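Next up: just one chain, as structure tokens, the form deposited without the ligand.
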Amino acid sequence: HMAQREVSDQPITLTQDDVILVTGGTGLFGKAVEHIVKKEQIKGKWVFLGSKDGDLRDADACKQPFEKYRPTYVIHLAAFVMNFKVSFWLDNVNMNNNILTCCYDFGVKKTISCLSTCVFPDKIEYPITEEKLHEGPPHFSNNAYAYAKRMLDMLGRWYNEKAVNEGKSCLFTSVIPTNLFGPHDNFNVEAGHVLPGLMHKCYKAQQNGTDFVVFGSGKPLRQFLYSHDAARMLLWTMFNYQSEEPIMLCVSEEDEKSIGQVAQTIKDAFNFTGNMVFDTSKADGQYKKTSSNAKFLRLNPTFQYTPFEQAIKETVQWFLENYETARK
């Protein structure tokens, strides 16, 4: 199909009659959407679903928010992450089948779903680009979750195929955010991502007078995306991006940071004065795992990212001000 370009000529303008349903809207990424929507006074009725709002795995329960709100746009962020691989497949594929089907049946204009970097093929040449998504099996460790994400992508394409044949205005696409951090992250030191975990380990050292320990050697390099940046990128995707191919949301390779840089940045943001030490008994992760921002950079060249240091200082200030209610 040579017909349409990856972007629309003009952006979609939302009106007050628009209703935007956001599943998984209370996590790190969803709370950032809410922040940007409020800060930039984006029009429309925005509905941020949470766990108490209904079990999206159940087909009938999943129909309830669509019947109630009749959304014109859907941002699908929810995922299930009894820890059995069976559950990871069943719970995610059932919710994904239900959500996308509801989107089609209720005539949602555009639906954006969320994938993650860990669903790409295990055997892969870097940098990761979106076209490589299905080119071989994922890593065995999370392959139930990985395949549900892969079939979430495919189901969107199949629903795009159906919308054409039936003459409906329904578009399905997806974003791939890479290493999000920011307010409302999960700060459990054992179960959280390394960056929010370091923030919690630094805070704990500051309260106890203990040294601040980085579990790696500090050498590996990663690209980190501030959740508020990712939210602006996602809104840009909702307003402009027409392609069914996923789009990576990540910062450039030139902006990669080491764990040691990250941990040092955290220390300065905390103004922690004690010692920061690296535990080399723990083996280092993989050195570089670069993903490619070429498509977004090509399609939105004027986009401005938040400096890493400012994003850490903002994130640390939220953590200090909200420690009691942060997820731990």
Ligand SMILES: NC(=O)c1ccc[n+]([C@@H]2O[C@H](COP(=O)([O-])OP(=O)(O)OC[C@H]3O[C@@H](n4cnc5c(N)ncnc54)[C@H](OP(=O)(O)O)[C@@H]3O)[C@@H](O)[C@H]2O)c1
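One-based numbering along the sequence shown.
The segment from residue 81 to residue 82 is interrupted, since 4 to 9 residues of the deposited sequence in that interval carry no coordinates. Per-stretch averaging of Cα B factors for 94 to 102 and 204 to 212 places 204 to 212 on top. Per-stretch averaging of Cα B factors for 243 to 251 and 220 to 228 places 220 to 228 on top. Across 69, 270, 46, 296, the greatest Cα temperature factor reported in the deposited entry is at 270. Taking only the listed residues 189, 108, 112, 154, the entry reports the highest CA temperature factor at 189. In the deposited entry, the Cα temperature factor of residue 35 sits in the middle third of values across the chain's modelled residues. Sort the modelled residues of the chain by CA B factor and residue 63 lands in the middle third.
Per the deposited record, the Cα B-factor of residue 20 falls in the lowest third when ranked against the other modelled residues of its chain. Split the chain's modelled residues into thirds by C-alpha temperature factor. Residue 180 is in the middle one. Ranked within its chain, residue 158 lands in the lowest third, by CA B factor from the PDB record.
Missing here is the form solved in complex with the ligand; even so, the following discussion is about that form.
Using a 4.5 Å cutoff between non-hydrogen atoms, residue 271 does not count as a contact of the ligand in the deposited complex. A residue is said to contact a partner when one of its heavy atoms sits within 4.5 Å of a partner heavy atom; residue 29 meets this definition for the ligand in the deposited complex. Contact annotation: residue 206 falls outside 4.5 Å of the ligand in the deposited complex, judged by heavy atom distances. Interface residue remark: residue 51 is counted as part of the site for the ligand in the deposited complex, having a heavy atom within 4.5 Å. The candidate stretches are 214 to 222, 145 to 153, 163 to 171, 102 to 110, and the one lying within 4.5 Å of the ligand in the deposited complex by heavy atoms is 145 to 153. Within 4.5 Å of the ligand in the deposited complex, a heavy atom is found for all three of 114, 177 and 180. The single contact residue among 248, 128, 238, 78, judged by any heavy atom lying within 4.5 Å of the ligand in the deposited complex, is 78.
None of 279, 60, 55, 40 but one reaches within 4.5 angstroms of the ligand in the deposited complex through a heavy atom, and that residue is 55.
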